[PDB]
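Enquirer: These protein sequence lines are chains B and A, in that order.
Count the first sequence with the authors' numbering and you get residues 2 to 287, 293 to 442, 463 to 483, in order.
Count the second sequence with the authors' numbering and you get residues 4 to 285, 294 to 442, 463 to 483, in order.
Don't be surprised by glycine CBs; every beta carbon is placed ideally from N, CA and C.
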Amino acid sequence: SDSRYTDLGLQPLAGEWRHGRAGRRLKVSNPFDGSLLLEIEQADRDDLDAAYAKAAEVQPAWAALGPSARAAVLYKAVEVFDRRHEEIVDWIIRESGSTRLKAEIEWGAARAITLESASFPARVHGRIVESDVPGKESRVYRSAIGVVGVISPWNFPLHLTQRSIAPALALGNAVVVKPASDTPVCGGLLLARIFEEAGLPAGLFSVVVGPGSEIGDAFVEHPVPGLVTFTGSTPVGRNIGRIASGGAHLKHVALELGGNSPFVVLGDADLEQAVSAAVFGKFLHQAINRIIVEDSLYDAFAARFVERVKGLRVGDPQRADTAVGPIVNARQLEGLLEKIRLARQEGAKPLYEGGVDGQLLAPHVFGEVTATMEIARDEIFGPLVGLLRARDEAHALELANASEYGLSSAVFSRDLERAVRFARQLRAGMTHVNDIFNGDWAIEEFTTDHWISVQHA
Amino acid sequence: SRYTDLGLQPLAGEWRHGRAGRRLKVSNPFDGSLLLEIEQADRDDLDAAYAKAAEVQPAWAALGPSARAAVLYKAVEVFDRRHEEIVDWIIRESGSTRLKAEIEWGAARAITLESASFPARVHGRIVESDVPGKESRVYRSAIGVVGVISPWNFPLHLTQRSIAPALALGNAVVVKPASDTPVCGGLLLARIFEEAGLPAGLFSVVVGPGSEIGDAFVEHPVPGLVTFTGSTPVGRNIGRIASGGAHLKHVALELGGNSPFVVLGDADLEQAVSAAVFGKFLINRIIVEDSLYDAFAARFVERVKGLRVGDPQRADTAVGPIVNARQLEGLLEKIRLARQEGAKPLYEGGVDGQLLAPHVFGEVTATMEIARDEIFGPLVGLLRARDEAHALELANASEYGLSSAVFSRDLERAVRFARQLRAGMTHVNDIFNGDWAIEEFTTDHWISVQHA
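Here is the structure:
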């Protein structure tokens, strides 16, 4: 509406906006200057029990509504997204240290997910199945799961939270969100305000703000949520997976784990395009952690890549021209610095070191990386990339599949037939070729089938 | 001619003894006579089995859909020719009655027939891109190597339910069958697929103890998917092992649970009892509305009294031996506990050897273990419900249930009641999918292509 959202420290629990009863206060501050953005009263485990319980009670009435009723809320949320565009973008930059450019991408991503979700309630349908038994009719009913528990990473909190929240709500579920302690308003707390403006009924969307462990395990172990979704690093996902499966209550778990993702430049690839795609993939629009180039193109690629990375300007994330911004928190920045010293100890040739200034970590580029080295093996959420030499195309394929855990991939070759043949051999789920979600996915994920066979005359 | 030398287990493309050096003795539950002895399998043999499967799988997947479907079609013929030989093995190995064994054979024959149609059905998608000159192609491809763990209670059918679609869709399979009934769980199927002409190394059976060997098979980095059907405690550990382990694997878990049988007041008693007697003795809880409870129970006991326990080979036999002694005692602790819980015994059947006659308890409540925990035996508890609303509360208390049934003369009320049920399947008034298998056993690969 008119003025910016206020009292954001208040968290939405069990249909009311209130303080948490922990008696411990979380401080949320800007990574660039350290200035305090707000303070939050943290939530108890009993605060968690009220949010899950209210979600289970209010959800059936929500799902009972017509698809137009539920679609109306999602459509209204898009209006708020347009009205509060700068205020949303400003919050991402200040809380996440995100560049103004990346923040704008995230805003469009979350907006796009919301518009696509408004279409989902009309699309979902059940099935009638033929039966051999006389007088028997088989009916399969598609229904909402119930309560969905969503855990948000610090990495791209607004978009990744919305990627689960918007389809789950549209399909008639209730959501309880645990955001990252560094980015509580960006994940869930701001989105909760937006859905209230959209008219989502109270109790359907609750955000619980608490410490990562102690409350984190209680979040996964709870009996109420039918599905728990997490996107983030592999060590956290591995623990979340064991809690969901190991615990007395077994809950369906959806785990999207970041992995080292290969960017492959074959010999015929156009050099400039490959260099530009690498620069924008690693340092501007986020999925690239390793660059593998055939030997014929390696030295030229490394030279031009390193020169152009030198041009990238580290600075205040609020500026549109800024390409690299501050790391979100100290623990993440320290982990990156530990990787940089490790990369030197491994024996990587250091092509460019830009230094660390406070939270700002300038790009660090390494060459002569091998598959065994840690920089190639493990996921990096920072401006640190290693360059690998490939003897031939087959060797490049061996190196690319070596990372094993990868979300996305890229292949660059002048021959599209060869590139696709290479791309299909990759172990990754995504591959982009010579670069310059699904409704069906969401519908299966956030709904369950019930088979009902009826015998009459 | 009939199959011979079944003790040999298929590892890494050859039929050989296990290298563990400990021999497994397989004996018939009914008479205790030993059918055969199998050398157990070393962990290295399990690795050799996984390694060969990953090696040969692409050649299998590279084949045309007609080539793989042809193998599935041949396997269906094998089932018809070896019809009695397969059924006899189910009777002797698992102690299953001839009636259930013939049903189990028909289920597996049908699942194998349905699987052959699958190789032609799988397809990818071409997706429009807003970016100019970009076309997105999604390729549907085999998972790779699939690890299958089979339960003792329905070993042949439940194993084939994973093996047949996975193989037809281009995967390789490694099966760890239940060590009480290994020949039915994997060995019989390996021989059948060999006759069908499935290439060597694609189907391997590793025989070892459930502990020690078990964790490694789930942990191994090679298999992309591990599928398990069985009891909840074993399944919960496998799940924690898959996620807890260093390598993360997709795991598919079908867990047996206490399954509710609900008789509403308007239901006709004869259909409700007949279905109950056949369902439980072919459902772990029976819930009946207060108005009909006493009548239903008396009729059910009279029928249950008719059931005859005997050798599984006889067609007339209705109830057969428990699979092993450790399970048979487990039932005895539950029946002994059921009295301690305070349940009224409507009918208690004496147990001789492993064959245990039906045991019926009444006035069960949600608190009692007999209502809460799954029972893999001929023991059933009866729960009284004051009204339909309490009955719905009573049915959903178990929370973990594979199936449910609802009996009511009014179909509209029955369906609304069923939709409120937490179970995945519900049957109303009675007397595996193809989209499921393809999604389960194939992987999507999105590839976006930029043109001029």
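1. Mapping the DSSP letters down to three states, classify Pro-263 (chain B) as helix, strand or coil.
2. Using beta-carbon positions only, say whether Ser-207 (chain B) and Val-254 (chain B) come within less than 8 Å of one another.
3. Spell out whether any CB of chain A is found under 8 Å from the CB atom of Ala-270 (chain B).
4. Between residue 1 (chain B) and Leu-267 (chain B), is the Cβ-Cβ spacing less than 8 Å?
5. What is the residue span of the beta strand (DSSP E) that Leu-66 (chain B) lies within?
6. Just list the alpha helix (DSSP H) runs in the stretch 382-420 of chain A, keeping only unbroken ones of 4 residues or longer that don't cross its boundaries, in chain order.
7. Residues of the stretch 468-481 of chain A with a CB closer than 9 Å to any CB of chain B: list them in chain order, please.
8. Tell me the rounded alpha-carbon separation between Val-186 (chain B) and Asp-8 (chain B).
9. Taking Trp-108 (chain A) as part of the alpha helix (DSSP H), name the residues at either end of that continuous run.
10. May I ask which residues mark the beginning and end of the beta strand (DSSP E) holding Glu-131 (chain B)?
11. Classify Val-134 (chain A): buried if its beta carbon has 16 or more other beta carbons within 10 angstroms, exposed otherwise.
12. Here's the rule: buried if 16 or more other CB atoms are within 10 angstroms of the residue's CB, otherwise exposed. What is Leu-37 (chain B)?
13. Find the nearest neighbour of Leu-403 (chain B) within the set B:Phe-387, B:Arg-420, B:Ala-425, B:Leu-390, judged by alpha-carbon distance.
14. In chain B, which residues lie with their C-beta within 8 Å of the C-beta of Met-379 (chain A)?
15. For the beta strand (DSSP E) holding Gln-481 (chain B), just list the boundary residues, first then last.
16. Between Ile-41 (chain B) and chain A, is any beta-carbon pair separated by less than 8 Å?
17. Among B:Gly-10, B:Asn-174, B:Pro-32, B:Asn-156, which residue has its Cα nearest to the Cα of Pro-68 (chain B)?
18. Quick one: measure Cβ to Cβ for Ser-97 (chain B) and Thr-184 (chain B), integer angstroms, because I've assumed they're closer than 8 Å.
19. Identify which residue in A:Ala-245, A:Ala-400, A:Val-29 has its Cα closest to the Cα of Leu-190 (chain A).
20. Classify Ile-216 (chain A) as buried or exposed, calling it buried when 16 or more other Cβ atoms lie within 10 Å of its own Cβ.
21. Considering only the alpha carbon of each residue, which of A:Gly-247, A:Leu-66, A:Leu-256 lies closest to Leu-413 (chain A)?
22. Against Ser-246 (chain A), what residues of chain B qualify as contacts under a CB-to-CB distance less than 9 Å, listed in chain order?
23. What residue from A:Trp-155, A:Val-210, A:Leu-205, A:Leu-49 has the CA that sits closest to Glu-42 (chain A)'s CA?
24. Within its chain, find whatever has a CB closer than 6 Å to the CB of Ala-15 (chain A); leave out the 5 residues flanking it on each side and keep chain order.
25. Please name the residue in A:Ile-297, A:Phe-157, A:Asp-322, A:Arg-239 whose C-alpha comes closest to that of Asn-261 (chain A).
26. Can you give me, in chain order, the residues of the stretch 134-159 of chain B that have a beta carbon less than 7 Å from any beta carbon in chain A?
27. Report yes or no: is there a C-beta of chain B within less than 8 Å of the C-beta of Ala-62 (chain A)?
28. Please name the residue or residues paired with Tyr-358 (chain A) in a DSSP beta bridge.
29. Using a 10 Å radius around the Cβ and a threshold of 16 neighbouring Cβ atoms, would you call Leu-348 (chain A) buried or exposed?
30. Check whether the Cβ atoms of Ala-468 (chain B) and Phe-121 (chain B) sit closer than 8 Å, and answer yes or no.
31. Using a Cβ cut-off of 8 Å (strictly closer), state whether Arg-430 (chain A) contacts chain B.
32. Quick one: list the residues of chain A neighbouring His-438 (chain B), beta-carbon separation under 7 Å, in chain order.
33. Is there a C-beta anywhere in chain A that falls below 8 Å from the one on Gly-16 (chain B)?
34. Within a Cβ cutoff of 7 Å, which residues of the same chain sit near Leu-339 (chain B), ignoring the five residues on either side of it in sequence?
35. Could you tell me which chain A residues have their CB closer than 8 Å to the CB of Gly-435 (chain B), listed as they occur along the chain?
36. Report the CB separation of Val-125 (chain A) from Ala-104 (chain A) in whole angstroms; it is logged as a contact under 8 Å.
Expert: According to the structure shown:
1. strand
2. no
3. Interface residue (Cβ-Cβ distance to chain A less than 8 Å): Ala-270 (chain B) is not classified as such.
4. This structure leaves residue 1 (chain B) out entirely; chain B is present only between 2 and 483.
5. Careful: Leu-66 (chain B) lies outside any beta strand (DSSP E) and carries neither H nor E.
6. 399-407
7. So the close ones are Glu-470, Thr-474, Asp-475, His-476, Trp-477, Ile-478, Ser-479, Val-480, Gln-481.
8. 11 Å
9. 101-124
10. Counting along the chain, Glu-131 (chain B) falls outside any beta strand (DSSP E), and DSSP gives it neither H nor E.
11. exposed
12. exposed
13. B:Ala-425
14. Listed by position along chain B, the residues whose Cβ is nearer than 8 Å to that of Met-379 (chain A) form an empty set, because the closest Cβ is around 19 Å away.
15. In the DSSP assignment, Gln-481 (chain B) falls within the beta strand (DSSP E) that extends over 473-481.
16. no
17. Selected option, being the one with the closest Cα: B:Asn-174.
18. About 5 Å separates the beta carbon of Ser-97 (chain B) from that of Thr-184 (chain B), a gap short enough to meet the 8 Å contact definition.
19. A:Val-29
20. buried
21. Minimum Cα distance to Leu-413 (chain A) is reached at A:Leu-256.
22. Simply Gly-238, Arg-239, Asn-240, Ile-241, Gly-242, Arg-243, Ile-244, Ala-245, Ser-246, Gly-247, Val-254, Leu-256.
23. A:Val-210
24. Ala-51, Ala-52, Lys-55
25. A:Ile-297
26. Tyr-142
27. no
28. A:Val-371
29. Of the residues assessed, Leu-348 (chain A) falls on the exposed side of the cut-off, its CB having fewer than 16 other CB atoms within 10 angstroms.
30. yes
31. yes
32. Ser-479
33. No, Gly-16 (chain B) lies away from the interface with chain A (no Cβ there is under 8 Å from its Cβ).
34. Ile-333, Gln-365, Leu-367
35. What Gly-435 (chain B) touches in chain A: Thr-474, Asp-475, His-476, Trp-477.
36. Not really, about 33 Å apart at Cβ, beyond 8 Å.
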